[PDB]
Amino acid sequence: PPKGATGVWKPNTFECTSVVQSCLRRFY
Amino acid sequence: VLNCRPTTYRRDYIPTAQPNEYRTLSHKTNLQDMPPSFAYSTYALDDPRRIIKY
Amino acid sequence: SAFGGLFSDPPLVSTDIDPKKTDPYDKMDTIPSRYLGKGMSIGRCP
Amino acid sequence: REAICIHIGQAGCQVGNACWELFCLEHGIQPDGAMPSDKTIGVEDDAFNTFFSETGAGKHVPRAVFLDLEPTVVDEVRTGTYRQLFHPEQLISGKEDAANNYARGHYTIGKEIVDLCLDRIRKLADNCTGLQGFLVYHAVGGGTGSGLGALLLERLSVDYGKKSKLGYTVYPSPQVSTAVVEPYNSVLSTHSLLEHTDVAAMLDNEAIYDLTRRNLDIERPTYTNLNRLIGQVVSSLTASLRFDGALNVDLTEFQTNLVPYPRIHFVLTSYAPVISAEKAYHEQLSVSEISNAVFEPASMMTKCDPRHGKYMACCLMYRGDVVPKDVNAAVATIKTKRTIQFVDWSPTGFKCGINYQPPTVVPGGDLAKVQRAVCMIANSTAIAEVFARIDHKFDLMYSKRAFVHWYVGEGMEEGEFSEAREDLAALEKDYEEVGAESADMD
Amino acid sequence: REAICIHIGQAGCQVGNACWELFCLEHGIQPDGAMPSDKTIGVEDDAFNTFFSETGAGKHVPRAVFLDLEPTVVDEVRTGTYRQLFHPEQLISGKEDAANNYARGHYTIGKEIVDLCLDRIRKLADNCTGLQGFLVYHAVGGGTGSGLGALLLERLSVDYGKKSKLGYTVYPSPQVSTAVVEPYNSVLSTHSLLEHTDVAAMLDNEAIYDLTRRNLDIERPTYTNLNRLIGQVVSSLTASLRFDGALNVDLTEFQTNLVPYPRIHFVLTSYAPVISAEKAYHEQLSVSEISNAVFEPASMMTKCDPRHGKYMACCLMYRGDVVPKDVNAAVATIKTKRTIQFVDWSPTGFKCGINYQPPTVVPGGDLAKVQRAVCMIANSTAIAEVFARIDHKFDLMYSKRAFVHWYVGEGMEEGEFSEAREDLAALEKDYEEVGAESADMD
Amino acid sequence: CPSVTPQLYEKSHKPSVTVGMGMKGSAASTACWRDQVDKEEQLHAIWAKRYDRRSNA
Amino acid sequence: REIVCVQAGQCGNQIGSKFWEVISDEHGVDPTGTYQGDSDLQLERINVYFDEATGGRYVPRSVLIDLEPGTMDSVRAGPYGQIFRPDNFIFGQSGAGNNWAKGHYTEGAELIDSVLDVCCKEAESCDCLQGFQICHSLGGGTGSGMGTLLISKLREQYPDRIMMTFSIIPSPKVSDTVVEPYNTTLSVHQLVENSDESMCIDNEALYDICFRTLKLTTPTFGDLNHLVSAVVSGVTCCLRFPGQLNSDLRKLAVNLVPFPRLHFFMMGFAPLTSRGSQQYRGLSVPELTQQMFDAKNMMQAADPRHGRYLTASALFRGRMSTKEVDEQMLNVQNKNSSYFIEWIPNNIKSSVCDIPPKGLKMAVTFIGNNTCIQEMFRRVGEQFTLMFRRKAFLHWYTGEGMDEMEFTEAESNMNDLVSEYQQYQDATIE
Ligand SMILES: Nc1nc2c(ncn2[C@@H]2O[C@H](COP(=O)(O)OP(=O)(O)OP(=O)(O)O)[C@@H](O)[C@H]2O)c(=O)[nH]1
Ligand SMILES: Nc1nc2c(ncn2[C@@H]2O[C@H](COP(=O)(O)OP(=O)(O)OP(=O)(O)O)[C@@H](O)[C@H]2O)c(=O)[nH]1
Ligand SMILES: Nc1nc2c(ncn2[C@@H]2O[C@H](COP(=O)(O)OP(=O)(O)O)[C@@H](O)[C@H]2O)c(=O)[nH]1
Ligand SMILES: [Mg+2]
Ligand SMILES: [Mg+2]
């Protein structure tokens, strides 16, 4: 480890749903 | 006996709601046959009050 | 961040945390000088 | 003319569904595709303006926001046949609940969502020309209702200032209970609501269940019935703004007439012709019977007994076919009774209102059809007993710090419990002192 | 009347494709340069003349050149749908790219191609009778855009002199980045752009991504969306030259009104009804709402917060159905707000323009259809924060000469980094001095 | 005070809250004035429809 | 609000296999993984336990770990085994040997990095992460050692989330292994520090439920694992369906635990009734509440009559009135007032959910926090002290490398847990 914050690698995030959502039709 | 299962909101406030009027539908249903409706209004484009006479 | 998905939350102009920098709804504004007062007194002939 | 509705948390949104169902059915707002295909009133009138704004193409949209930290209930409103009404920005939902912790709602999670709510309320308040108040629905027993309700009323009170704020609040019942930490949340909520509210309406679920068991004939009531009763009360109070009448009453008149001192703003509410269809066809319902009915404790929607206190002011709203002479005869008969007592410093204890629009009947509803109704809001010293019982339950739990570690972990000092408990104790002393006669020896 | 467009590099050519698509669709020229043969309105109006010239057989050809050092993008224009619109001499392409090196574009490779560009611009300028400015589109982050854009602006500025030169420039976003050497190229570009440009408009990709996520409902935006928004803004700015209106604004009036001191010519841009079709049908969009909208930071296409600075001048262009009295009431209401501040030496902060032609709708577009729109360009001291972060990134990299050997190998002295960084330090000090409240009056 | 009448000048600078009869320059006063003139026209129309049937002739 | 599952050891893998069958049935997912349901209410919360693969498919968010592949080959050979993602199967090359120290220190540290990499990779893909769910036995070897190792690592990496464990615990009479007291004591010592909430099941209680209530002539491990899957799927029901009074795992934890160490709970499920008998039961809220407090339906060997309830929670599934629930819980608190701790004014939380489990018209699951669990800890401490005083089998653990002071520390910490339960049991207002 290069004197950093431990030899652990944090995986990324896939999706980020927001607060307000649309009311139009949604399909399966 | 348990084929039909509603939730309480749909049973009390919106009982006549068919499954075709909710946001989630299958991807093989026709959309042209459904009448258009995307807002709430007093009149249905009714001629008694909208027309301005002259 | 709070809204979610945005790169950064946009700044807000309407409100603020600091009570001495927020924008009140009821702006207490000035009346025009014309619509006040009495005006000229004008007499007819009896 | 205009009023803005703010719905917070679970009780406030569920009561909001019933309220907007009722106001839509009373005004005649329907699906645009669904033509009436039947006879209607057909009269173009401005009454909707209190609750709706027009886009100019003639669509109606309502003056409301729905606020919640858990998605389920708001996602449930986004999926029905009522999605077509609200503007999608109005339906705001967070990711995770405040888990019955006031500290979590106020400090950790509501602090992220609060700025969106104030921006939406400003966008609504900019589209008004005679705003005369906010109506707020929430329960003080839960975490998000207490924490976000307090934070939002504090911000509204700094930004909007003098404008009036009327709250409809569901308080924890005195022996029926749903969660263990209810006393802590209710005390900490009540501390904020004391400073930042103009009129507070008091509700107890046990009273509305007792009223639905005794007067209506329902053995197994559920929340939809209570919310429909609340919607009828709100419709009665706001009817004075929307329809013609003999004696109108603006929302500022409630605040001027019901509140004698700035801290004495907690009021009781009751409704008279709560009656079933089978009883309704056996009896006439004249003004004097319903006026006598509103003072019986079987008619009240809060579990308190007013015979153990003194009235300070009463505001009686009559709607439907009533004539002022009958109201005067009824009020004189009430004034004669010996079991109804007013503090001697309040000689003119009554304000009357008379409106011509009778209460609406909802197709799936349980109330009967009646030509007239009366609704009452009154200020009484009996309310001091509810706070005394909450404080005793708080003292029992707080003597051993039974659950404090959650609140201390979510960011709050232990000192804040003692401050709030002393402030509610001072409110109890205010109600003891105000009700003491200023008798002078001579 | 006439304006000449110069497109440099990849971003500038791709934004040019969207711009010419829009200008064609607004006038009605088919993609092959021929007017509709079946349309017989008869009033063959001259409005196209600002952007097109006629041969005599009735084909249209546009007043633009496309300049690039790599062939791929120009060959895409040559083989795409608009192949027949452009004159083949206008599409100029070199052999090899500037490889993100400003030195490679300016010293080694652009010096061979630059003389063809000046000959084409001369051939365009000879076919004009009222040329009133150049519009330039480029990005300062890449090698050929920086080096050849600077060299070409210097040569145009010496040869043509007083004629105005307006640049639309995409600056490096504060945390979004595409290449490692962006700070060096942006500093070296801005050094040349300071002396040889009359107005510079700043854009950040991070802002247009935020605007497309929050207002429009697009989950996965791409460069075509950003380029269509930029094209709409350019069409709004140039609409004042092409159609009838109540208050016209010539391109020299923008330059006269927006720049107070000769170095303070960097401006922010915003557009009001960026809205989705589902929200647009739920809300009316009157003048006062869009006037309040143009000042919210959620509407800007550059990532800066104006509450940390002061506005010096605003130019508001309204297009569509708007009436001057509503514009006057709106501007007076904006001026009343306390969180919007103007420098005290600029009491009359606003210039207005009102044009009747509404914005065009593009078949594959994402904006809704609206009857009116407003676009704003404003000068504010907040831009000083944008330069400080680029200068900080330059200082971090330059402390160790992280990549300088490429620039030194392709022909540039090491001294040029320190000179340019000192010039940007002086620009920062100019924005500090102009914004200081003078206390001599009191 | 530079004005001949001091009371009017003093009353002019006193801030005001009434946004009713068209006096202000803000949007609210303009919208309300438009509402008032529209209401007057509508009321006259209804009254003429219900009493004066010979106006148009 | 999605849960991530981890299945460890033989007991954990088998209960998990049955659990994923029950959950897949409730959401109408075919054994090929294709959604074939008939209402949007099923689909609208499928994300909570399943991730979506391309073109309709769903994959279950679970990690399977074991030290010998025999169990893994058995679950992969099962009827729904194909649904599991192949890269999610982790196995070693030598068994746990029923020894906690080898399973925790020697093969644990060898495999733990690959399981933590997969668990972190799965958690960080979520837009908002709710707690983890772990199934394992405390009496075994790889279940106890590697389960507690992984629990400690996840508590280091995600300290702000909730940590939930489901654990099977040894009967006092039916031992399956001689060295159960050491593995159980060390595991409970690790859990009481790391866990936020832990649920416990006695195989003896499930045997008595099957024989007395269900009258099964020849019960099998599939029935016990079905009862466990029923309670496990009931606890999460309010997270994934609408209702009149929503509830959540964090809301349950905040209302159930008065003090951080008091987080061990008993479970029960009510509409249990044997086949064949014309009596139906469960057709009104009084019937469910009366059966709910019947000790025949409680999943621990300790009986409530020897202790007192600190707190309790009931989650109801079905269309029902709130008055029957509220008035029943008040009547039960008033009639049996001596068994409820008096310095809390109301000990029961209620919750109501609209969607019942398939094949039942209504159901309720009961969670209870009772001090009678102290008798079980005292029993484990007695058997541990009897074995440790005589060095009965310690050389295996010491040969793996453990110092005896870890055993004395774990015994002391468990004894202090028993003391804390006893002091709060006998507290008074004074
Ligand atoms: N009248 C009425 N009371 C309700 C309703 N829903 C909940 N309550 C009562 O309000 C209290 C619970 O408050 P909640 O609204 O659930 O709390 P919350 O606002 O959801 O806060 P969180 O749990 O953190 O999300 C209990 O006393 C319930 O009996 C309702 O729909 N109508
Ligand atoms: N808005 C927008 N930005 C773009 C586009 N294409 C590239 N950019 C941005 O511009 C910068 C890259 O500049 P380029 O145009 O690729 O540089 P160049 O002109 O090709 O210079 P060379 O690489 O030497 O050929 C980065 O910040 C990109 O994000 C585009 O189509 N639209
Ligand atoms: N309920 C249940 N208990 C089980 C199951 N398999 C094993 N057990 C119990 O768990 C204990 C054995 O632990 P085990 O899983 O073999 O530990 P391991 O060797 O570390 O995997 C004994 O009490 C068994 O009765 C199962 O499928 N269901
Ligand atoms: Mg809630
Ligand atoms: Mg390039």
# chains A, B, ... in the order shown; residues from 1 in each chain; ligands from 1

$ residues_near_ligand --ligand "ligand 1" --cutoff "9 Å" --atoms "only C-alpha atoms and all ligand atoms" --output "PyMOL selection string"
(chain D and resi 8-15+68-70+96-102+104-105+138-147+170-173+176-179+182+203-205+208+222-227+230) or (chain G and resi 244-248+251+322)

$ residues_near_ligand --ligand "ligand 3" --cutoff "6 Å" --atoms "only C-alpha atoms and all ligand atoms" --output "NGL selection string"
:G and (9-11 or 14-15 or 98 or 137 or 139-143 or 170 or 176 or 221 or 224-225)

$ write_last_selection --atoms "N, CA and C atoms" --output "mmCIF file, in the first residue's frame"
data_model
loop_
_atom_site.group_PDB
_atom_site.id
_atom_site.type_symbol
_atom_site.label_atom_id
_atom_site.label_comp_id
_atom_site.auth_asym_id
_atom_site.auth_seq_id
_atom_site.Cartn_x
_atom_site.Cartn_y
_atom_site.Cartn_z
ATOM 1 N N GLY G 9 -22.450 -21.432 5.747
ATOM 2 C CA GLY G 9 -22.573 -22.766 6.342
ATOM 3 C C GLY G 9 -23.738 -23.574 5.812
ATOM 4 N N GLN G 10 -23.830 -24.807 6.295
ATOM 5 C CA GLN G 10 -24.871 -25.736 5.792
ATOM 6 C C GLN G 10 -26.276 -25.243 6.145
ATOM 7 N N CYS G 11 -26.503 -24.931 7.418
ATOM 8 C CA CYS G 11 -27.825 -24.430 7.863
ATOM 9 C C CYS G 11 -28.199 -23.148 7.117
ATOM 10 N N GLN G 14 -29.063 -23.876 3.366
ATOM 11 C CA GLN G 14 -30.358 -24.555 3.130
ATOM 12 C C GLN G 14 -31.534 -23.622 3.439
ATOM 13 N N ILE G 15 -31.484 -22.935 4.578
ATOM 14 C CA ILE G 15 -32.571 -21.971 4.876
ATOM 15 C C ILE G 15 -32.624 -20.892 3.792
ATOM 16 N N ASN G 98 -15.543 -28.471 12.197
ATOM 17 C CA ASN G 98 -16.365 -28.125 13.380
ATOM 18 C C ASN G 98 -15.556 -27.330 14.398
ATOM 19 N N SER G 137 -25.912 -20.606 11.564
ATOM 20 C CA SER G 137 -26.054 -21.194 12.913
ATOM 21 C C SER G 137 -24.888 -20.731 13.791
ATOM 22 N N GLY G 139 -23.914 -22.633 16.521
ATOM 23 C CA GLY G 139 -23.248 -23.810 17.105
ATOM 24 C C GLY G 139 -22.206 -24.451 16.202
ATOM 25 N N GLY G 140 -22.202 -24.127 14.909
ATOM 26 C CA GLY G 140 -21.294 -24.808 13.977
ATOM 27 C C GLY G 140 -19.858 -24.323 14.017
ATOM 28 N N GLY G 141 -19.177 -24.450 12.881
ATOM 29 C CA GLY G 141 -17.748 -24.111 12.807
ATOM 30 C C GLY G 141 -17.454 -23.022 11.799
ATOM 31 N N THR G 142 -17.789 -23.255 10.532
ATOM 32 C CA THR G 142 -17.614 -22.194 9.512
ATOM 33 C C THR G 142 -18.711 -21.142 9.662
ATOM 34 N N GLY G 143 -19.924 -21.565 10.017
ATOM 35 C CA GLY G 143 -20.994 -20.586 10.264
ATOM 36 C C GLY G 143 -20.594 -19.589 11.333
ATOM 37 N N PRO G 170 -28.144 -23.598 19.942
ATOM 38 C CA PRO G 170 -28.288 -24.972 20.424
ATOM 39 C C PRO G 170 -29.338 -25.256 21.500
ATOM 40 N N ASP G 176 -25.966 -31.468 18.775
ATOM 41 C CA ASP G 176 -25.478 -32.174 17.572
ATOM 42 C C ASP G 176 -23.951 -32.289 17.611
ATOM 43 N N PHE G 221 -36.566 -31.354 7.396
ATOM 44 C CA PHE G 221 -35.862 -30.059 7.493
ATOM 45 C C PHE G 221 -36.463 -29.011 6.562
ATOM 46 N N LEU G 224 -39.052 -27.054 8.722
ATOM 47 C CA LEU G 224 -38.432 -26.085 9.654
ATOM 48 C C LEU G 224 -37.901 -24.879 8.871
ATOM 49 N N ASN G 225 -37.249 -25.143 7.747
ATOM 50 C CA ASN G 225 -36.729 -24.028 6.930
ATOM 51 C C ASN G 225 -37.870 -23.236 6.293
#

$ residues_around --residues "region 412-429 of chain D" --least-positions-apart "2" --cutoff "7 Å" --atoms "only C-alpha atoms" --output "NGL selection string"
:D and (103 or 187-188 or 191 or 384 or 407-408 or 410 or 431-433)

$ residues_around --residues "residue 438 (chain E)" --least-positions-apart "5" --cutoff "10 Å" --atoms "only C-alpha atoms" --output "list in words"
residues 343, 344, 345 and 433 of chain E

$ residues_around --residues "residue 15 (chain B)" --least-positions-apart "6" --cutoff "10 Å" --atoms "only C-alpha atoms" --output "MDAnalysis selection string"
(chainID B and resid 6:9) or (chainID D and resid 364)

$ closest_atom_pairs --of "chain E" --to "chain A" --cutoff "12 Å" --atoms "only C-alpha atoms" --output "tab-separated table"
residue	atom	partner	partner_atom	distance
E:213	CA	A:18	CA	9.5
E:214	CA	A:18	CA	9.2
E:215	CA	A:20	CA	10.7
E:216	CA	A:22	CA	10.5
E:217	CA	A:22	CA	7.8
E:218	CA	A:22	CA	10.9
E:219	CA	A:17	CA	9.7
E:220	CA	A:15	CA	11.2
E:276	CA	A:22	CA	10.3
E:277	CA	A:24	CA	10.6
E:278	CA	A:24	CA	7.7
E:279	CA	A:22	CA	9.0
E:282	CA	A:23	CA	11.7

$ residues_around --residues "residue 272 (chain D)" --least-positions-apart "3" --cutoff "6 Å" --atoms "only C-alpha atoms" --output "list in words"
residues 290, 294 and 374 of chain D

$ closest_residue --among "B:3, B:35, B:13, B:40" --to "chain E" --atoms "only C-alpha atoms"
B:40

$ interface_residues --of "chain D" --to "chain B" --cutoff "6 Å" --atoms "only C-alpha atoms" --output "CSV table (one decimal) with N, CA, C and O atoms, in the first residue's frame"
chain,number,residue,atom,x,y,z
D,28,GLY,N,-66.4,20.5,-8.8
D,28,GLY,CA,-66.8,19.9,-10.1
D,28,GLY,C,-65.6,19.7,-11.0
D,28,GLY,O,-65.8,19.5,-12.3
D,29,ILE,N,-64.4,19.6,-10.5
D,29,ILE,CA,-63.2,19.3,-11.3
D,29,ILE,C,-63.2,17.8,-11.6
D,29,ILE,O,-63.2,17.0,-10.6
D,30,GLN,N,-63.1,17.5,-12.9
D,30,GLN,CA,-63.3,16.1,-13.3
D,30,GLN,C,-62.2,15.8,-14.3
D,30,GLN,O,-61.4,16.7,-14.7
D,31,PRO,N,-62.0,14.5,-14.7
D,31,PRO,CA,-61.1,14.2,-15.8
D,31,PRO,C,-61.5,15.0,-17.1
D,31,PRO,O,-62.7,15.0,-17.4
D,32,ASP,N,-60.5,15.5,-17.8
D,32,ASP,CA,-60.8,16.2,-19.1
D,32,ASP,C,-61.4,15.3,-20.1
D,32,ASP,O,-62.3,15.7,-20.8
D,33,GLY,N,-60.8,14.1,-20.2
D,33,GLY,CA,-61.4,13.1,-21.2
D,33,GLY,C,-62.8,12.7,-20.8
D,33,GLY,O,-63.6,12.5,-21.7
D,35,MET,N,-66.2,13.2,-20.3
D,35,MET,CA,-67.2,14.2,-20.4
D,35,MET,C,-68.3,13.9,-19.4
D,35,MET,O,-68.6,12.7,-19.2
D,59,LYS,N,-57.1,24.1,-18.1
D,59,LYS,CA,-56.8,23.1,-17.1
D,59,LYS,C,-56.8,23.7,-15.7
D,59,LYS,O,-56.2,24.8,-15.6
D,60,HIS,N,-57.2,22.9,-14.8
D,60,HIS,CA,-57.1,23.3,-13.3
D,60,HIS,C,-56.0,22.5,-12.7
D,60,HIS,O,-55.7,21.4,-13.0
D,79,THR,N,-49.1,6.9,-9.0
D,79,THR,CA,-49.5,5.8,-9.9
D,79,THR,C,-51.0,5.7,-10.1
D,79,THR,O,-51.4,4.8,-10.9
D,80,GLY,N,-51.8,6.5,-9.4
D,80,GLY,CA,-53.3,6.3,-9.5
D,80,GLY,C,-53.9,7.0,-10.7
D,80,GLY,O,-53.2,7.2,-11.7
D,84,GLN,N,-52.9,12.8,-13.0
D,84,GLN,CA,-53.1,13.9,-14.0
D,84,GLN,C,-53.3,15.3,-13.3
D,84,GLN,O,-53.1,16.2,-14.1
D,85,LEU,N,-53.6,15.3,-12.1
D,85,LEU,CA,-53.9,16.7,-11.4
D,85,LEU,C,-52.6,17.4,-11.0
D,85,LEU,O,-52.3,18.4,-11.7

$ interface_residues --of "chain C" --to "chain D" --cutoff "9 Å" --atoms "only C-alpha atoms" --output "PyMOL selection string"
chain C and resi 1-3+12-17+19+22-26

$ write_last_selection --atoms "C-alpha atoms" --output "PDB file, in the first residue's frame"
ATOM      1  CA  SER C   1     -26.549  16.322  -4.122  1.00  0.00           C
ATOM      2  CA  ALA C   2     -29.784  16.840  -2.199  1.00  0.00           C
ATOM      3  CA  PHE C   3     -31.775  16.757  -5.439  1.00  0.00           C
ATOM      4  CA  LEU C  12     -31.057  29.551  -4.456  1.00  0.00           C
ATOM      5  CA  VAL C  13     -32.156  33.180  -4.713  1.00  0.00           C
ATOM      6  CA  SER C  14     -35.581  33.099  -3.011  1.00  0.00           C
ATOM      7  CA  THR C  15     -34.610  31.948   0.489  1.00  0.00           C
ATOM      8  CA  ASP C  16     -31.579  31.738   2.755  1.00  0.00           C
ATOM      9  CA  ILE C  17     -30.606  30.346   6.141  1.00  0.00           C
ATOM     10  CA  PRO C  19     -32.389  35.759   8.628  1.00  0.00           C
ATOM     11  CA  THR C  22     -33.413  36.141   3.154  1.00  0.00           C
ATOM     12  CA  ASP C  23     -35.981  37.797   0.899  1.00  0.00           C
ATOM     13  CA  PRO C  24     -39.335  38.675   2.512  1.00  0.00           C
ATOM     14  CA  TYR C  25     -42.487  38.006   0.525  1.00  0.00           C
ATOM     15  CA  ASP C  26     -44.337  41.196   1.509  1.00  0.00           C
TER      16      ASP C  26
END

$ residues_around --residues "residue 210 (chain G)" --least-positions-apart "5" --cutoff "10 Å" --atoms "only C-alpha atoms" --output "PyMOL selection string"
chain G and resi 204-205+215-220+223-224+227+272-274+296-297

$ select_by_dssp --residues "region 331-406 of chain D" --states "strand (DSSP E)" --output "ChimeraX atom specification"
/D:350-355,372-380

$ select_by_dssp --residues "chain B" --states "helix (DSSP H, G or I)" --output "list in words"
residues 8, 9, 10, 11, 12, 19, 20, 21, 47, 48, 49 and 50 of chain B

$ closest_residue --among "D:167, D:58, D:71, D:363" --to "chain E" --atoms "only C-alpha atoms"
D:58

$ interface_residues --of "chain D" --to "chain F" --cutoff "9 Å" --atoms "only C-alpha atoms" --output "compact mmCIF listing (two decimals) with N, CA and C atoms, in the first residue's frame"
# COMPACT_ATOMS: atom_id res chain seq x y z
N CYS D 128 -49.95 34.18 -6.73
CA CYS D 128 -51.13 34.56 -5.92
C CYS D 128 -51.22 36.09 -5.89
N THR D 129 -52.40 36.59 -5.55
CA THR D 129 -52.60 38.06 -5.46
C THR D 129 -53.33 38.46 -4.18
N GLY D 130 -53.88 37.50 -3.43
CA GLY D 130 -54.46 37.81 -2.12
C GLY D 130 -54.34 36.60 -1.22

$ interface_residues --of "chain G" --to "chain D" --cutoff "9 Å" --atoms "only C-alpha atoms" --output "PyMOL selection string"
chain G and resi 1+128+239-260+311+320-324+326-327+330+343-351+429

$ write_last_selection --atoms "C-alpha atoms" --output "mmCIF file, in the first residue's frame"
data_model
loop_
_atom_site.group_PDB
_atom_site.id
_atom_site.type_symbol
_atom_site.label_atom_id
_atom_site.label_comp_id
_atom_site.auth_asym_id
_atom_site.auth_seq_id
_atom_site.Cartn_x
_atom_site.Cartn_y
_atom_site.Cartn_z
ATOM 1 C CA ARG G 1 -34.511 0.206 -0.171
ATOM 2 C CA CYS G 128 -29.291 3.786 -1.499
ATOM 3 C CA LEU G 239 -40.577 -2.521 3.260
ATOM 4 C CA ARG G 240 -42.013 -3.747 -0.065
ATOM 5 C CA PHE G 241 -45.831 -3.329 -0.156
ATOM 6 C CA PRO G 242 -48.296 -0.508 0.607
ATOM 7 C CA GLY G 243 -50.200 -0.290 3.877
ATOM 8 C CA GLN G 244 -52.160 1.946 6.242
ATOM 9 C CA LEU G 245 -49.217 2.336 8.665
ATOM 10 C CA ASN G 246 -45.827 1.737 7.061
ATOM 11 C CA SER G 247 -42.877 0.355 9.023
ATOM 12 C CA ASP G 248 -39.178 -0.256 8.405
ATOM 13 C CA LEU G 249 -36.287 -2.261 9.877
ATOM 14 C CA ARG G 250 -34.713 0.926 11.305
ATOM 15 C CA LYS G 251 -38.115 1.955 12.759
ATOM 16 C CA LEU G 252 -38.453 -1.504 14.329
ATOM 17 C CA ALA G 253 -34.932 -1.274 15.811
ATOM 18 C CA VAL G 254 -35.460 2.244 17.236
ATOM 19 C CA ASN G 255 -38.749 1.177 18.872
ATOM 20 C CA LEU G 256 -37.591 -2.268 20.136
ATOM 21 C CA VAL G 257 -34.137 -1.700 21.735
ATOM 22 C CA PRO G 258 -34.171 0.445 24.916
ATOM 23 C CA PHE G 259 -30.390 0.055 25.424
ATOM 24 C CA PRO G 260 -27.811 -1.016 22.824
ATOM 25 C CA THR G 311 -41.063 -4.199 24.244
ATOM 26 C CA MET G 320 -58.276 -5.306 8.502
ATOM 27 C CA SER G 321 -59.488 -2.512 10.805
ATOM 28 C CA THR G 322 -57.002 -0.569 12.938
ATOM 29 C CA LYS G 323 -59.473 -0.589 15.880
ATOM 30 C CA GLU G 324 -59.427 -4.357 16.238
ATOM 31 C CA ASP G 326 -55.411 -1.280 18.747
ATOM 32 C CA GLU G 327 -58.157 -2.451 21.132
ATOM 33 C CA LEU G 330 -54.763 -2.565 24.799
ATOM 34 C CA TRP G 343 -41.991 2.099 33.468
ATOM 35 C CA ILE G 344 -42.994 2.042 29.771
ATOM 36 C CA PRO G 345 -46.606 3.218 29.255
ATOM 37 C CA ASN G 346 -47.266 1.119 26.115
ATOM 38 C CA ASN G 347 -45.070 -1.847 25.197
ATOM 39 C CA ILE G 348 -46.591 -3.002 21.887
ATOM 40 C CA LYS G 349 -46.062 -1.411 18.488
ATOM 41 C CA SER G 350 -48.526 -2.381 15.748
ATOM 42 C CA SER G 351 -48.190 -2.272 11.953
ATOM 43 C CA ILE G 429 -39.510 2.961 40.078
#

$ interface_residues --of "chain D" --to "chain E" --cutoff "8 Å" --atoms "only C-alpha atoms" --output "number ranges by chain"
D: 54-56, 59, 61, 87-88

$ write_last_selection --atoms "C-alpha atoms" --output "tab-separated table (two decimals), in the first residue's frame"
chain	number	residue	atom	x	y	z
D	54	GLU	CA	-55.74	28.29	-14.53
D	55	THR	CA	-53.12	27.71	-17.26
D	56	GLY	CA	-55.29	29.72	-19.71
D	59	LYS	CA	-56.84	23.07	-17.14
D	61	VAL	CA	-54.18	22.59	-10.97
D	87	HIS	CA	-47.83	19.23	-11.17
D	88	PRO	CA	-45.05	16.61	-10.83
